[PDB]
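Peer 1: Chains as they are written, first to last, in the UniProt record's numbering: chain A, 6 to 248; chain B, 11 to 251; chain C, 3 to 242; chain D, 4 to 234; chain E, 9 to 125, 133 to 250; chain F, 2 to 245; chain G, 1 to 195; chain H, 1 to 250; chain I, 20 to 130.
Even for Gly, the Cβ is constructed at its ideal location relative to N, Cα and C.
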Ligand SMILES: [Cl-]
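Shown next as structure tokens:
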């Protein structure tokens with residue numbers, strides 16, 4: 006054996022064990038989700054409060070790319086930031102040459118090809134993050150989830166991290182109960198509920214909720230963080246459902 | 011035994027990394043099939059969407075490389091999309107440099123040459139994919155050309171790829187033994203698609219709904235993929251006969 | 003470019019590639035340098051498992067770096083050519099910019115620096131060579147003898163030997179060389195050098211090379227007969 | 004074990020051992036403390052000597068007039084990273100006539116450390132940093148780990164026995180956060196914090212190092228007889 | 009094998025730690041700082057009696073106000089000295105002044121960690144950098160291949176270091192004269208040296224504000240050796 | 002990274018030898034024997050082809066003996082492909098010297114440079130050495146007739162008579178026995194063929210398993226001629242000395 | 001710079017080179033030696049652009065001396081001249097060409113013959129019985145066409161050279177402050193002190 | 001990133017072997033049999049077209065390739081390696097010869113260039129050797145007809161006739177009995193077909209056999225007229241029909 | 020053709036006493052026959068009790084002052100907050116200016 010000691014080496018199965026090992030780093034991370042809605046997308050993430058000394062609201066994890074795309078990830082946080090920095094470079098050069106802001110599917114493949122490139126050589130390490138991201142373009146709303154291997158798909162709902170299975174089950178109920186569609190304001194509330202429900206798998210430390218959204222009607226197609234009254238309203242909705 | 015980790019020869023003259031890349035090909039558990047008509051080339055592939063949370067419209071292994079060339083991939087999607095982007099770029103450059111559309115077989119050779127390099131150069135791994143290129147070439151007519159991680163490529167009368175490829179291959183062989191010709195003797199592409207689905211059903215022994223399949227069709231001057239309703243229309247026609 | 007760090011530290015603080023380069027020097031043919039009151043003599047062993055040699059054209063063991071400085075060595079022959087070439091180029095470059103030939107110390111310091119650079123550069127192995135560098139500074143009559151080694155360290159010697167069985171000939175020189183009274187003449191210095199090689203060599207035939215460097219670019223290589231006379235004279239005094 | 008030869012290798016449970024070993028160098032380092040109010044931010048550092056004949060290794064470095072850090076671990080790595088911060092602060096001033104936000108300073112350090120954890124040949128930085136500053140949104144304290152993780156805090160501590168000071172600050176949180184417009188009291192709280200990490204040794208005059216930045220105070224370091232006030 | 013810039017599980021760089029072992033094999037070098045000057049002394053340690061000891065150069069001038077002693081793989085020091093001299097002279101060219109001893113030391117220590125897969136390995140030599148400047152007066156620095164430098168009142172490096180350092184711990188006080196320091200270096204060198212100390216196998220030097228950096232003659236050191244033996248017999 | 006798969010071709014053994022050079026010499030010891038003999042009025046080059054097949058085209062073939070310029074030739078022992086790389090470099094080097102100085106290159110200068118290239122592959126670059134040993138036979142107006150040999154280490158030496166490749170130990174003893182200084186070319190031709198005939202691993206030495214060449218001043222007045230022997234000429238010279 | 005002459009006779013090559021170094025309206029020096037010894041039996045004189053001349057001469061000198069030490073052998077005058085030509089032929093298509101004209105006087109010890117080569121800054125080489133660079137040639141070539149014989153002695157060559165210097169001192173516009181004369185023969189290079 | 005493999009992947013073992021070259025020759029041994037026979041007025045090169053599937057069109061896969069109008073190549077071993085070698089070989093005939101001398105290279109020199117490319121894959125950083133042996137047949141004005149074998153090492157040998165691959169040992173012995181120095185091109189084609197039948201197992205016809213010749217100039221294959229000195233390619237690929245015609249009088 | 024230089028006019032003046040020094044300059048900034056600003060200062064406090072003016076082409080003047088101010092900042096960072104003496108500042112400014120010897124700062128500098 007020794008097939009797992011080097012990146013880009015195929016095992017006799019046809020697997021790249023180093024990527025599968027990066028997936029273990031993702032599974033170890035905190036829970037993050039994405040909900041696609043009528044005219045946009047909603048992102049939410051669990052922020053474990055390690056200590057009282059952490060300043061609330063001041064260790065922001067959701068990141069914006071361009072002015073219309075939001076990105077959140079679970080796993081090695083620095084790796085996620087590297088991916089977003091690239092995403093921003095990719096989006097800037099697209100807008101430079103083509104004038105129009107980068108479409109979400111186009112942006113999804115830019116990240117995909119870049120992450121896939123880090124599975125081609127033994128001189129680089131795969132990314133230790135699964136990234137949920139999306140936004141609104143000329144063809145409406147799109148939600149994506151990208152994994153260490155470079156694999157990504159479009160999603161109605163997406164989840165990753167330590168509470169992914171709990172969150173997935175909760176996402177599937179929403180898809181079944183709302184075939185016509187979920188509204189942006191509803192999806193924000195649901196996102197809060199699901200992060201609280203997915204927190205059961207990480208319940209030693211209590212946490213801080215962080216939500217963002219893009220909606221054609223509610224945010225004018227731009228990425229905005231959910232703060233203040235709308236955030237507290239979403240927190241309360243979640244608190245009522247766990248009891 | 012580091013001769014199994016990089017693309018150097020083993021004592022018996024083999025390249026294990028190339029061999030293991032072939033095994034990665036079936037990792038998706040999807041079977042694909044390509045046939046030729048008089049006027050067209052039809053490629054079909056299974057579409058398995060296990061997760062209910064997936065957007066089914068974004069799950070695809072068929073790619074539109076150029077206006078005339080289509081490509082279906084057997085293998086993991088990251089390597090599949092890697093191959094697709096390169097193929098698109100190569101076909102675009104060819105047209106700019108040489109003043110005419112890149113033929114299906116030339117693109118196949120070029121992608122096969124790139125694959126060969128990864129089998130010889132150490133720092134680059136092979137892609138765990140098998141690429142099936144389809145078109146109606148303006149010189150050669152309906153064309154199917156297929157590439158693998160070894161860098162091998164060849165033209166086909168028809169072909170199949172995937173875990174249950176051998177069953178589909180012999181099924182097609184037996185038909186062409188019977189028909190005595192190199193193609194499907196049919197006027198419309200609609201019935202060549204129907205033939206493709208019919209013979210996949212027989213070989214695999216499974217029934218398909220409109221969402222269990224994925225169909226690409228190449229005609230003169232365009233390659234296009236079918237919608238769920240285009241396939242449903244096609245499934246109804248088979249059932250009513 | 004090939005980058006690998008080949009010369010690295012081991013847990014005990016040794017650089018094995020440098021130390022193994024010293025083993026290559028230990029394998030090489032013996033070389034000795036002895037400086038007198040008014041001269042330096044470089045003596046060199048030549049192994050006799052090679053008969054049918056052509057001594058006219060075969061690379062000589064002692065090389066002129068400039069008209070006033072010479073360099074002998076022990077170790078890998080191919081390696082030594084690279085050091086000699088670089089030294090000869092620096093010799094001409096020094097004359098060009100300073101308008102004065104190199105001092106023996108300076109030339110030695112340069113050669114040692116090259117050797118050191120090959121012990122902490124990526125992609126290269128150290129030189130399997132130690133050198134004896136002898137001569138006279140411009141407008142100076144004081145004899146100079148220096149030694150370098152693969153690590154890059156260099157130093158001045160009244161008399162020194164390198165190569166195989168060099169520990170035996172160093173032993174001889176340590177009791178037979180008086181610091182208070184160095185070989186007063188050319189004859190005395192050549193004899194002491196030949197004597198020291200005869201402790202290790204075998205036959206004093208075509209096994210010993212002797213080169214004498216005197217002040218003001220006065221360098222000459224002795225022929226077989228000239229050396230053989232020293233061999234003959236030493237043996238007759240020995241039977242006593 | 005078999006997966007700690009370099010930073011480019013993941014372990015089967017998804018760990019980066021070279022990064023973890025770099026983290027270990029910080030744990031061996033001498034204790035340093037960081038804490039802030041709404042008006043000032045304060046660093047306190049215990050300095051370490053080789054023996055009684057040697058000087059005491061300096062732990063605190065100035066980055067700009069409004070920013071600076073303290074170090075625990077490999078000091079040369081802190082010199083590289085502090086120099087990078089000095090340039091980034093400087094670029095912001097020369098090009099935009101803008102003082103670099105302490106938050107951006109953190110994001111920049113995160114991304115510089117990260118690149119050293121994903122490529123062959125390199126190594127992670129072997130030092131932890133506590134960055135304090137005062138910018139357009141008031142006082143700040145950051146904790147830098149060479150894994151890339153940067154965290155904004157009211158107070159913290161890194162180094163050997165840092166857990167004592169970190170527990171103390173966690174208890175004292177409600178008190179020291181409201182020490183506004185009083186430098187000497189915020190320092191006293193930090194000096195009391197670092198005292199919870201001492202064993203057999205006590206704070207002397209050439210042992211203690213204190214830094215402060217705030218609303219009407221440039222980043223300034225105190226050593227020698229200037230810290231005698233606080234012992 | 010393994011990367012050159014690899015960390016051990018205890019959080020230390022293998023290659024830096026191993027180079028520290030090479031320095032322990034080196035010949036002893038001692039430095040003592042006083043308010044009248046800094047003294048630098050070294051054990052020459054000739055490998056053979058035929059080697060002309062005055063060609064052994066382990067104490068070296070960097071500038072008129074800065075001197076340097078070495079221990080370990082001394083061939084590794086040449087480029088460090090070359091850099092130091094250039095740094096010192098370059099600063100004088102750019103600023104029309106003497107460069108601070110600490111700034112010099114920091115510049116030399118910047119080279120140290122510039123190895124990996133830059134040079135192929137760390138330096139196998141430790142330096143004692145002694146000098147004077149107007150701001151901080153007489154200073155002694157110990158520069159390691161780790162990139163770290165400590166200021167010292169007194170410091171020994173090399174094979175006899177841990178024994179000599181313990182001796183320096185007892186003997187040093189803040190009122191030592193230059194003459195007292197000279198004798199102290201000789202005394203401690205004679206203790207830790209293998210062969211018997213004399214003017215040929217040990218070398219002294221000092222840096223003073225007035226006369227700058229000076230390596231002593233063998234005649235001058237011989238009299239200090241004689242003065243030392245007489246004083247130890249005198250009680 | 003890629004460190005895992007690095008053979009480290011340019012390192013020392015604990016004994017102070019270069020692994021790859023030693024192993025390349027071991028490779029060369031299985032190659033067909035080549036002999037050079039220097040006489041007072043010319044030089045002989047004789048080499049044995051590696052086990053021949055009857056369907057091999059013998060006349061349009063070159064394996065052992067190559068021409069560097071009009072005054073210098075080489076006998077090869079080792080990998081042919083490696084040797085041709087070095088031969089083309091040598092050929093270019095000779096033309097560079099001629100272009101610079103308007104004089105044909107002195108033999109030793111060419112030999113030194115080719116040997117210096119080999120040396121480089123043993124000290125830096127991480128590449129395998131050239132698995133080749135040369136016998137150089139040439140003439141210039143300084144030293145007249147000269148024989149040299151170089152090997153993968155980049156070390157070269159001068160000879161009156163020398164062998165490379167297989168059975169050098171036995172071949173050298175035989176040459177050392179019958180060689181004398183006043184020897185003529187035609188005597189050297191005979192010695193060369195007699196030595197190969199006794200050291201060969203084949204049943205009997207025939208024309209189709211030999212390459213042969215002479216460098217004489219046997220042109221017309223004070224000038225040197227290279228003669229690469231044709232198949233029929235080797236057949237004749239083999240009969241003339243009574244080997245067949 | 002300005003005046004450099006060369007005459008090849010039976011057994012030697014004689015080079016005469018002007019002693020003046022003029023910049024603007026000032027003769028800065030009247031004892032300048034516009035020559036370098038490349039090897040024991042090869043001498044090169046030079047004239048042209050300020051700085052370029054000596055820089056080139058010394059660069060060639062270093063290369064020939066390097067060759068001598070490497071091979072323990074002296075290059076023939078023909079070989080040295082070809083090396084120098086190629087350096088100038090390279091130079092002329094450089095970003096900044098060497099503006100230097102040279103004469104190379106040598107004694108070939110293998111042939112036992114004197115040899116004189118004239119090479120200009122373009123790299124134009126010719127072997128000649130007598131040579132000159134610059135405006136000097138306009139007077140000396142015709143003079144030497146008349147008085148030169150191929151079998152002359154060194155003494156006859158010096159008298160023939162006196163005749164050239166006299167003509168140049170009579171008809172040339174500038175004061176070139178006389179010449180330094182050097183002889184290249186079987187015994188090497190020596191300087192005539194009283195000219 | 002970037003190719004960090006700047007070191008040799010083929011190195012000498014203690015016994016003196018070059019492992020990767022040996023193993024490449026092993027790959028050639030597994031390869032399908034190909035052969036070449038030199039006649040007085042031409043050369044024939046032949047091989048079996050091993051079909052991967054009956055649905056595959058074996059006409060689209062050419063094992064025998066034109067390099068220049070007067071030079072052709074065939075191989076045994078790894079197809080993909082051969083394909084790229086043909087691309088490189090065709091280009092080098094132009095870049096390092098035709099663009100300099102205005103004419104095509106003689107066989108021995110083109111062969112020499114291919115051999116160089118294969119030698120470099122044996123010594124350069126981060127590459128394995130090519131897993132093929134080539135048989136190159138060609139004609140040029142001053143050397144006439146010639147046939148060369150190029151091995152993974154980069155070594156090349158001129159042959160009167162030879163075979164490489166699967167059943168080369170038996171095929172070479174067969175050729176030794178049949179070859180003489182008076183063979184006419186048609187006699188060599190006949191012997192080529194006989195020798196190949198021994199190593200072929202399944203179908204033996206013009207669709208399963210690939211065969212080309214280097215013979216007379218073909219003015220009909222030139223594509224233009226008007227230049228007397230240009231007379232057409234000597235390389236010609238025999239058609240499926242042309243092979244079957246000769247298999248009846250076998 | 021683009022001319023990268025301009026002339027912003029104005030004049031400056033420096034006088035040194037026994038225990039003081041003055042550096043004066045007018046505040047007018049011009050191009051051609053137009054006034055750009057009646058109050059645009061060009062004499063600056065650069066720290067360490069050094070005042071500096073670079074008069075001529077204002078874009079070069081500002082660039083130089085900006086670079087020297089920055090040089091003072093880094094001198095502190097690199098040499099333990101040591102004060103930059105006026106003689107050392109002068110030598111540093113020589114190198115700033117001569118660094119652009121073949122594309123000069125079009126200014127007369129006084130400190
Ligand atoms: Cl290609």
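Closer than 7 Å by beta-carbon distance: list the chain G residues that pair up with residue 98(C), in chain order.
Peer 2: In chain order: 58 and 62.
Peer 1: Closest to residue 165(A) by CA distance: which of 179(A), 150(A) and 182(A) is it?
Peer 2: Of 179(A), 150(A) and 182(A), the residue nearest in Cα terms is 150(A).
Peer 1: Would you report the Cα separation of residue 238(C) and residue 79(G), rounded to the nearest angstrom?
Peer 2: Taking the straight line from one Cα to the other gives about 52 Å.
Peer 1: Please determine if the region 163-177 of chain B and the region 36-56 of chain B are in contact, where contact requires at least 3 C-beta pairs separated by less than 8 Å.
Peer 2: These segments touch.
Peer 1: Would residue 90(B) pass as a contact of residue 19(A) if the rule is Cβ separation under 8 Å?
Peer 2: Taking 8 Å as the Cβ cut-off, residue 90(B) and residue 19(A) do not qualify as a contacting pair.
Peer 1: Considering Cα atoms alone, identify which of 139(A), 216(A) and 152(A) is closest to residue 86(B).
Peer 2: Residue 152(A) is the option with its Cα nearest to residue 86(B).
Peer 1: Give a yes or no on whether the minimum CB-CB distance between residue 1(F) and chain D is below 8 Å.
Peer 2: Any answer about residue 1(F) is impossible in this case: the structure gives chain F only from 2 up to 245.
Peer 1: For residue 161(D), write down the residues that DSSP places opposite it in a beta bridge.
Peer 2: According to DSSP, residue 161(D) bridges with 35(D).
Peer 1: Determine whether the Cβ of residue 9(F) lies closer than 8 Å to any Cβ atom of chain B.
Peer 2: No, because no Cβ of chain B sits closer than 8 Å to the Cβ of residue 9(F).
Peer 1: Is residue 96(B) near ligand 1, in the sense that its beta carbon is under 7 Å from a heavy atom of that ligand?
Peer 2: Incorrect: residue 96(B) has no Cβ contact closer than 7 Å to ligand 1.
Peer 1: What are the boundary residues of the alpha helix (DSSP H) that includes residue 181(B)?
Peer 2: First-last of the alpha helix (DSSP H) with residue 181(B): 175-189.
Peer 1: Just checking: is the beta-carbon of residue 13(D) within a distance shorter than 8 Å of some beta-carbon in chain A?
Peer 2: It does; some Cβ of chain A falls within 8 Å.
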